[PDB]
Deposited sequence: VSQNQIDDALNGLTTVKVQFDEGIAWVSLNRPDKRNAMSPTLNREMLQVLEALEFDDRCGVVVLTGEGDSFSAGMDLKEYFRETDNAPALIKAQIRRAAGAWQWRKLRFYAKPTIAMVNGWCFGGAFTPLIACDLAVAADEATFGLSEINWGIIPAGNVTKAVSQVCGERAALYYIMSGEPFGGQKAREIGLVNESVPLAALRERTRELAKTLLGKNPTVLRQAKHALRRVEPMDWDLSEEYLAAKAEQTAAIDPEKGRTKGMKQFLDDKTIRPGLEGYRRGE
């Protein structure tokens, strides 16, 4: 957490408000931001100053997507693949099964690549004024990285295809309708609502909370006979490590 340039961490009574911090660039996710975000999230897993992580963006943006210059334009094949993997290293590899509960607080512009860490977070609270967009089609690219998969994970096929194919923007209430976020409230109540939800998660047994939210995503592709076998081993693991 020392010498961060693109990421801000503010601790608040057990809550780690992690803000993408490139407001002048609308929090576009560059290779520098990708490296810092993984370093922050890895450190916060063992930082006792927090038991829940809130992911948001500084200024009027959640995130305008990947940096069109520093991530896309300025990027050898193996060198290119390493930078692409560094994005997914924190956007979904670390976030999807994160050690502590995660809440995405969408305060504003959320486009393209921003959908992957938003969906990899366990919960999401958006502002009514927040503007979501799968604008990749308008920039001549598909929703790569894991954006296409992430949208398919939480939204129905009809809604996923409509916003990928058309690139049409939509607000927080529409994001809640299609299952992209858990709740949409006015921006003036966004932080208060997200903080109340984080405080509710802080009141739970942290081990049981971690085991339960992981098991939900693990059992998704399993058959019912396999899920019962996994959940039984997961329940015994929970009581053994608490």
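Visitor: Quick one: where does the model skip the deposited sequence?
Guide: No C-alpha coordinates exist for 1-9, 85-87, 255-283.
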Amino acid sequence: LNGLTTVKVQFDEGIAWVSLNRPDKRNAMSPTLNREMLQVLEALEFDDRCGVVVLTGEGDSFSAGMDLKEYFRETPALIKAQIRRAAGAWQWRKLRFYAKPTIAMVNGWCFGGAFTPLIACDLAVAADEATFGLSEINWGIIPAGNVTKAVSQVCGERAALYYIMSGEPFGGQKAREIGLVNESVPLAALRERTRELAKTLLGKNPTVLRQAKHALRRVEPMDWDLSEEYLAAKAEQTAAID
From here on, numbers count along this sequence of modelled residues.
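Visitor: Tell me which of 79-87 and 121-129 has the higher mean C-alpha B-factor in the deposited entry.
Guide: Result of the comparison: 79-87.
Visitor: Would you mind finding, among 149, 96, 100, 73, the residue with the largest C-alpha temperature factor in the entry?
Guide: When the deposited C-alpha B-factors of 149, 96, 100, 73 are compared, 73 is largest.
Visitor: Name the third of the chain's ranked CA B-factors that contains residue 61, choosing lowest, middle or highest.
Guide: Top third by C-alpha B-factor.
Visitor: Could you look up the Cα B-factor of residue 26 in the entry and say which third of the chain it sits in: lowest, middle or highest?
Guide: Middle third of the chain for residue 26's C-alpha B-factor.
Visitor: Please place residue 207 in the lowest, middle or highest third of its chain according to the CA B-factor in the PDB entry.
Guide: Answer is middle: the recorded C-alpha B-factor places it there.
Visitor: Compare the C-alpha B factor of residue 161 with those of the other modelled residues in its chain, then answer lowest, middle or highest third.
Guide: CA B-factor rank for residue 161: lowest third.
Visitor: In terms of the chain's CA B-factor thirds, is residue 104 lowest, middle or highest?
Guide: According to the entry, residue 104 has a C-alpha B-factor in the chain's lowest third.
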